[PDB]
Amino acid sequence: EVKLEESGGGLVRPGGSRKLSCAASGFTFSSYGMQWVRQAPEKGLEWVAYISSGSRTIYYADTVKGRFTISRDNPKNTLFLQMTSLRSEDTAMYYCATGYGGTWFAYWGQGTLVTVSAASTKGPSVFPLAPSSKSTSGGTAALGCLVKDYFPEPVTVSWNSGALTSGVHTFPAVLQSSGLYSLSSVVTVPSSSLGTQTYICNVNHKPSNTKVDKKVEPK
Amino acid sequence: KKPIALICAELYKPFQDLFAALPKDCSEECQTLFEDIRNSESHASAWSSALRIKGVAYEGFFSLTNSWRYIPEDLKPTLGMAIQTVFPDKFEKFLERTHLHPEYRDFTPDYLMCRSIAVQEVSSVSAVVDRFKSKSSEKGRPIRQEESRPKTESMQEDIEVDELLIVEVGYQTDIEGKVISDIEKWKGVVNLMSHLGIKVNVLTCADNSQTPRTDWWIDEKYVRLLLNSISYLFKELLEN
Amino acid sequence: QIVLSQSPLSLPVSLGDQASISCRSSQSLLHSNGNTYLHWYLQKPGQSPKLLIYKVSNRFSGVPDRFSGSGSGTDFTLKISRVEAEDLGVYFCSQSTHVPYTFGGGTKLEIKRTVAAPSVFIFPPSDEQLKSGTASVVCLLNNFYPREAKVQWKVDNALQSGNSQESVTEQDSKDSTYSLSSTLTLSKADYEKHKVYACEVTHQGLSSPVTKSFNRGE
Ligand SMILES: [Mn+2]
Ligand SMILES: [Mn+2]
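Chains as they are written, first to last, in the deposited numbering: chain H, 1 to 219; chain A, 610 to 725, 780 to 903; chain L, 1 to 218.
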């Protein structure tokens, strides 16, 4: 099976540099052109670069010309993107892709997230969104967690270590003007379970190696 | 002092070494030309003949170096012939678009190949282009190079197209002027090829006698042959 | 550059109905080699894009046969003959005839469902956050359809602006509703100078705009 596996993403200061790799398997890599495509959060797809099988023909999007270099190592079945003079506008999920026979994007990796920012890595503050009569409708009560001021993205939120999944809504993060991110996660549960069932939102922020378990109780 | 015929006598061995190494048809032409010099009455006559030996021999050694067929000027295909036999479905449009520049049809490069009067076949055009760009980038050798490109079209991996490779070579003192004039002459047809959707590469290069022997577009052995023969002949005609 | 113009920007469609998405090119995508390098992708929420159709009408191996493409030159169309719940996501056209390769802006395919008014819930700031000098008030619009909603904050009946942010989930895969959070953030000093905190919600499923409010002390 064809598989493309990107690596090398992470956090870079503006003006800095980063090299992405893409390991290809399941087909004769050396015979096909390879490509990089990116996607800024909540935006559309933007092509980045193309390299022919023998590296003779290289194309670049105009916004990366003079700053990005695409290359490959055919014996090692590996594609590279060397990024320099990075700017906040280069923050994106980076995908490698191939047509496996053409210039279309037939196969895609899972992508790697590159964040370009001078903000410092920081775990979230987690605050309860407590159930109350202002959050109850019929036999249903809503509750949640506010996951505030972390950096960079992702954070993962679960409830009761993943056992509680029905009715969970974890909202997309908003990049604040401070440079940090914030989101909330909410869940609706039977109001009859309040005071008998413990509700804990589990916040994991791997970039800062922080894990928070916040129990959410009626006030 | 020395008569012209006597000048050819002293250079008997260098010119025999030259004729032995050149391709068959190239060698005969240079041999006929040498006898015209030996029998030349005027200094102008001898000089003009020597000029032609210089060009014809060099092109013979360019062919050997690149394992290309040497083609006498008389048998060399024109651009028009190349379009008609390689891109027959576009020859009509080629004619119409050359109405205001009909001389384009008659352009006859030193080498006119297409990817694998007859157009020669080459296994890879891009390999030849790379070889030229490498030596240019490594020994600072002046070249000029241009590729047809319809609009901003990308190369493609799911289909092959026929393509031409047009090459101009030369042995003359003004190397930069040679390649600049060649690419200027062909820039018009490159633009035309773009509008016809025909893929072409044009390459031009040049050597002169001041070029380091290891740095020519021809094998160093061939450099010594030209230097020991035609180059010395020019020096002897001028002194005498 | 080639500009690809997709229409509509978003496409509500009932399960079982056909969907049609249009892609208009600013110049011909016919390549001099005879091929037309216009292709179609689907990006499901949270996943990487997937190829559906390459060179106008070629279904990529293994793509469901409900997907098809047609067109020529500058005018192209992707058709889903019978929409299934899995087809939720963003559809992109893209071209690789010319450099730069370019994408359309995306068409969001939305699954049509019956109107569902939001449940509106409000959460005062927690004491733990207040101890830190900030007060976030969260208004939650849960499980509503269609997406159009208006949410505004009033503090002692004065409309707020510049101090709230809102976030919307993608359409839910099971019940096809949206949920929305609006977060009002005040300093603790500002929060304690006022009594009534109110979220006002307008949505077509409601008979009139709903104000959900609390009193700071209570
Ligand atoms: Mn010539
Ligand atoms: Mn020449």
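Every residue, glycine too, gets a C-beta built ideally from N, C-alpha and C.
For A/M690, there is no enclosing beta strand (DSSP E); the enclosing alpha helix (DSSP H) covers residues 688 to 695. In the DSSP assignment, L/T185 falls within the unbroken beta strand (DSSP E) covering 178 to 187. Relative to ligand 2, A/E831 has its C-beta within less than 8 Å of a heavy atom.
Per DSSP, the unbroken beta strand (DSSP E) holding H/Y95 starts and ends at 92 to 98. Residues of chain A with a Cβ closer than 8 Å to the Cβ of H/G102 are, in chain order, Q819, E820, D821. Taking 8 Å as the cut-off, the C-beta of A/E826 does not count as close to any heavy atom of ligand 2. Within the same chain, and ignoring the five residues on either side of H/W159 in sequence, the residues whose Cβ sits closer than 8 Å to its Cβ are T165, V168, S185, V187, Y199, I200, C201, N202.
With contacts defined by Cβ atoms closer than 9 Å, H/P41 and H/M93 form a contacting pair. At a cut-off of 9 Å between beta-carbon atoms, L/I122 makes contact with chain H.
Interface flag for L/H39 against chain H is set, since a Cβ pair is found closer than 9 Å.
Non-local C-beta neighbours of A/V824 in its own chain, meaning closer than 7 Å and more than five positions away in sequence, comprise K862, ordered along the chain. Exclusion of the five residues before and after H/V12 leaves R18, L86, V116 as the residues of its chain whose Cβ lies within less than 6 Å of its Cβ. The distance from the Cβ of A/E668 to that of A/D793 is about 22 Å, inconsistent with a contact at the 8 Å cut-off. Each residue's CA atom was taken as its position, placing A/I838 and A/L866 some 14 Å apart. The continuous beta strand (DSSP E) containing L/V137 extends over residues 134 to 144. Burial check for A/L631: the Cβ neighbour count within 10 Å reaches 16 or more, so the residue is buried.
With three or more CB-CB distances shorter than 8 Å, the stretch 679 to 691 of chain A counts as touching the stretch 704 to 724 of chain A. With a cutoff of 9 Å on beta-carbon distance, A/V832 and A/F671 are scored as near each other.
Residues are counted here when their Cβ sits less than 9 Å from a Cβ of chain A; for the stretch 50 to 74 of chain H these are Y50, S52, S53, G54, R56, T57, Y59, given in chain order. Closer than 8 Å to some heavy atom of ligand 2: that describes the Cβ of A/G664. According to the DSSP assignment, H/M83 belongs to the beta strand (DSSP E) that extends over 78 to 83. Listed along the chain, the chain H residues whose CB falls inside 8 Å of the CB of A/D793 are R56. Annotation for A/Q640: no beta strand (DSSP E) segment contains it, though the alpha helix (DSSP H) segment containing it runs 633 to 647.
Residue contact with chain A for H/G26: absent (no Cβ-Cβ distance below 9 Å to any residue of chain A).
Taking the beta carbon of H/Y32 as reference, the chain A residues within 9 Å of it are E820, listed in sequence order. Distance from the CA of A/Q783 to the CA of A/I846, rounded to the nearest whole angstrom, comes to 21 Å. If only uninterrupted beta strand (DSSP E) runs of at least 3 residues are considered, those enclosed by the stretch 811 to 874 of chain A are 826 to 831, 862 to 868.
Here A/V782 carries a coil assignment [DSSP, helix/strand/coil].
Beta-bridge analysis with DSSP links A/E899 to no other residue. Using a CB distance below 8 Å, the part of the stretch 45 to 62 of chain L facing chain H consists of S48, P49, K50, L51, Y54, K55, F60, ordered along the chain.
Rounded to the nearest whole angstrom, the CA to CA distance from H/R67 to A/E705 is 44 Å.
Residue-level contact by beta carbon fails for L/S5 and chain H, as no gap is shorter than 9 Å.
Distance between A/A618 and A/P813, taken at the CA atoms: about 56 Å.
Only those residues of the stretch 85 to 102 of chain L whose C-beta falls short of 9 Å from the nearest C-beta of chain A are listed: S96, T97, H98, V99, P100, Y101. Rounded to the nearest angstrom, the gap between the Cα atoms of L/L159 and H/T140 is 30 Å. Secondary structure note for H/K214: its beta strand (DSSP E) is the uninterrupted segment 210 to 215.
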